[PDB]
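Values reported hereafter were calculated over all heavy atoms of this structure, with side chains retained and with hydrogens, waters and symmetry mates removed. Starting from 1, each residue takes its place in the sequence as its number. In each ligand, atom 1 is the first atom listed, and ligand 1 is the first ligand listed.
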Amino acid sequence: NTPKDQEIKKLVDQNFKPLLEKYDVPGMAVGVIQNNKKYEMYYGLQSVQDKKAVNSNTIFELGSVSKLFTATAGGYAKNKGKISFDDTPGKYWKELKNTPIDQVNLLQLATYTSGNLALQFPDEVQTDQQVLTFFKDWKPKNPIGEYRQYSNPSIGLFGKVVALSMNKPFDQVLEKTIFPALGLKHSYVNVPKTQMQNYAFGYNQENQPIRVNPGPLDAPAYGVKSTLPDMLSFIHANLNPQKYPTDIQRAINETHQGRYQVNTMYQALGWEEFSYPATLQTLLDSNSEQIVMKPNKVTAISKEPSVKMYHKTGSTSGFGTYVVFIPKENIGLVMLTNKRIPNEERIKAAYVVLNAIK
Ligand SMILES: *[B@]([O])([C]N1[C]=C(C2=[C][C]=[C]C(C([O])=O)=[C]2)N=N1)OP([O])([O])=O
């Protein structure tokens, strides 16, 4: 005879709250959506030195969960006929016409299969001129389309091309088109002066306050900041795309389509996809050092499951993110922290909570 809000709170207290003491995490926001009912749980401090509590207004760095907004933007551009995933970047970024990188298509950039792009740009690459020079000087290594290497430059270039195709800088594509289409009110590429009071400090592994550094093509790769209420609205859109206008509806569905497999992990656009029900170990394997940090030969999808679940981890120097949703159970979860904790702890906490809820 316990209300649903209190049962979810108890499960999140049991599974997420102990991670704050264990990893010395100053602040955490955990959100659950089930049957279009949203539950918001806030713990600890957005700023230790200011003694400001995490709340519904607190802005967190999403890190690589930013890639889900880049993927959604690409899906929007494709379904409006602004790009094809069979196009090469040279069609939109003319200075890349007839260069080796112009042999790589947009889908291969978005899904990390160029065959010669690492996690990060070289440290020296900062300016737009330096980014252009990097891609002009790029040469293939592995056969194009065959090897997955998780890469910021790779989806970064996809983002930049999607932006060129819509005649707007990438920050404006998200802030003026995609965020408003998804009904997000407190989501930013650039947090304005009037919201800096709501922008959490991140905390590094010595619990020193830090925020993300500017970097080359940072926005499309890891540059989005958001609140728990906005991230629950984003999960709602992914659970119920039919309720949104055609353009963003088709954009969202585009991001759910598996493109290839690496064992039990299906690479969608931004999202990782699994046959549901998934075992905990399947979800843990998706974020192993081998999958995240090294190249892996991809396979064609040979078993398309009827029922799928989707997740994505995100990290910056000072922030950890995890988002997961299961269409069949009409349920999802968001975790935001202002200190990185191991990916495996995020995945396991979410797994226990989502499997225990009635
Ligand atoms: B994204 O967030 C890709 N990603 C992670 C990072 C990162 C992680 C930890 C520290 C630092 C640093 O100190 O700046 C950066 N940069 N890009 O995805 P994952 O790692 O898969 O969740």
Peer 1: Verify, without hydrogens or angle tests, whether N296 (side chain) and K294 (backbone) share a donor-acceptor contact under 3.5 angstrom.
Peer 2: yes
Peer 1: Below 6.0 angstrom between ring centroids: does that apply to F135 and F121?
Peer 2: yes
Peer 1: Can you name the side chain to side chain contact (heavy atoms under 4.5 Å, CB included) partners of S317, sequence neighbours left out?
Peer 2: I210
Peer 1: Any luck finding a side-chain donor-acceptor pair between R346 and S315 under 3.5 Å?
Peer 2: yes
Peer 1: Scan residues 314-347 for pairs that pass ring pair (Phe, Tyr, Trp, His ring centres under 6.0 Å), counting only residues two or more places apart or in two chains.
Peer 2: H256-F325, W271-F325, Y310-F325, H311-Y322
Peer 1: With a 4.0 angstrom cut-off on heavy atoms, strictly below it, pick out the residues next to ligand 1 and order them by chain and number.
Peer 2: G63, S64, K67, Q120, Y150, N152, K312, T313, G314, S315, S317, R340
Peer 1: Which residues pass the ring pair (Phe, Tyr, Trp, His ring centres under 6.0 Å) test with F179, not counting sequence neighbours?
Peer 2: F69
